[PDB]
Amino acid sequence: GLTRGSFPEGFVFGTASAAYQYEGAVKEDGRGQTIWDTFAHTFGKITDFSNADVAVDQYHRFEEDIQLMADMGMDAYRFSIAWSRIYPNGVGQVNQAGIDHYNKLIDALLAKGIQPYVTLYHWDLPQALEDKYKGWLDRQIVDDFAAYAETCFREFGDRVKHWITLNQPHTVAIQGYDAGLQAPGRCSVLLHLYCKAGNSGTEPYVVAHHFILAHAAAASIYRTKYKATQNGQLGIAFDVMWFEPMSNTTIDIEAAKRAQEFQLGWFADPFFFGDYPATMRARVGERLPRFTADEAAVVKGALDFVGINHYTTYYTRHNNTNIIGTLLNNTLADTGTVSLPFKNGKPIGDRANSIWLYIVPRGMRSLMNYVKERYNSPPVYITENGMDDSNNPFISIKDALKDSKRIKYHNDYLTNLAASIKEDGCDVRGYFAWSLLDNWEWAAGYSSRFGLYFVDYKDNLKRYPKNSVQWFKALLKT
C-alpha cells in the first residue's frame, strides 16, 4: 500500500504537539502564568478535574521524544513556543531562559535530522495580557503578538524555516468566546450559565478580526526584516471540518458551502481576497468588523502556505431561526445552518473516542479540492490529523497499544490525501499526525489518548509504542 513513493518527492512527514499540552514545568525557569493555567485551575472547566502542570513533561524529556521520532523516520516536528516563557508578562523583559530552552529543543531536533515547524501561538496567552486588556478582545494584542513573533524570528529564524503564526483561530473565537468551553471561557451568560462574562454574538467576531490583524502584523515584520536573509515561510493552521450537504438539494448544497465560508472563509477569504465572505457580511452585519483599506492591503497575501488541521466531516442542512434578537445572538445561528454527523438516522461513519470525531476519510480529499479551487492552489500542509483512544483504566497497557483503528484512520486519510495530490493536482507539501504522545487534551484532560505513543500516567510518564508506531516506521522507510 502506502509508501513515501505514494507522495511527491520531498513530501514532509511529521508529528505535532503544543506547549501547554506537552511541556509541564509550568513554573520553571521564569515562565509566566497563561490563560490555560488559570482555566485548568478553575472549578468546572476540565472534565476530569486535571491540569497540565506536569503534562507529559516534554520540557525535561524532549531528547527522549526526539529519539522516538527518529525511530519512526519522521522528517519534521511541529511544536509550539509558549509565549509566556519568552515574555512572562506578554511584553517587557525577555526571559533569557525561555530563549535558551527553545534553542536547545531546535538544536536537538536538527541534530537528529528532524526539521522544526514552529507554532507561535497555540492558545496559551500570557495571563498578564488577559488581565491588562482582555487579551484577544483588544486591538493592543496585534502589536504585542507582532513584537513577540519578531523576537522569535530574530532568535530562532536562522534555523527555523517554517512558521505557523496561529493555531486554529476559529476554534479559539468559538470555543473561547461563544461556547465558553475553552480559555478564557467567555460567552453570553443567557446562553450558557457557566460563563462569568461575555457576549456570544459579538466577541467571537472581534477576536477573529484581531487574530487576522495579528497574523498580518507579524507577517509584515517577517517579510520586511527577516525573510530575505532567513529564506523561510509563514502560514496559519486553520481548523477545518469538511461539510457535505444533508441532502443533494440546492438549499442544502448552499448551506454546506455557507457553513464552510463561516468556518474556513472567515479567515482565509481575508488572506486571499482582502475581505470576509459576502455571506458573513450579509448575515452578521454590524457585528462583523470592517478592514480599512490599509489593513486589507497588509492582510491580503499574508500567507505563504495554508496549514489545514482536519479530522472529520459532518452533514449540513439549511436552518431558519428568528431568535431574540440581540440577547441570544451566536455564531451558529449566524451561519443559518445546522451541522451534525447524522443523516436519516445513520452516523456518517465510525467514531473515535472524542464525541465529535467521526471517521470520514473522503472528506480529506474533498477539502483539498475545495482549498485548491477557492484559493487558486496555495501550498497546503496538513498541520494536524489523527484520532484518539479512550483512557481506559480497566484494560492492560498491552491491550491499550493495539490501536488498529488509528492505523486504519491514518491509512485511509493518507490514501485520500495521496489521491488529492496525484489525481486531483492539489499542492500538498506535508502531513503532521496528531499526536506524537498521548497528552493533555484541553477540557477533556487526560481522558483522550491521541498519541502514536502511549503515556503511562501511573508510572512516571513512561512512553510505550502503540502498534501505529511500527506502521509509520514501515511507511517512512527508505
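We number the residues from 1 along the sequence you see.
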Query raised in the report: So which stretch wins on mean C-alpha B-factor, 163-171 or 399-407?
Result: 399-407
Report summary line: Once average C-alpha B-factors are taken from the entry for 265-273 and 222-230, the winner is 222-230
Report task. Please pick out which of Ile251, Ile106, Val380, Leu120 has the largest Cα B-factor as recorded in the entry. Result -> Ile251
Requested in this report: Select one of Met368, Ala216, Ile359, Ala282: the residue whose C-alpha shows the highest B-factor in the crystal structure entry.
Outcome: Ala282
Requested in this report: Grab the CA temperature factor for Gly349 from the record and place it in the lowest, middle or highest third of its chain.
Outcome: highest
Requested in this report: Taking the chain's C-alpha temperature factors as the reference, tell me which third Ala70 falls into: lowest, middle or highest.
Outcome: highest
**Report entry** Relative C-alpha B-factor of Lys422, binned into the chain's lowest, middle or highest third
**Finding:** highest
Requested in this report: Going by the recorded CA B-factors, say which third of the chain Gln21 sits in, lowest, middle or highest.
Outcome: lowest
Query raised in the report: For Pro341, does the deposited CA B-factor place it in the lowest, middle or highest third of the chain?
Result: highest
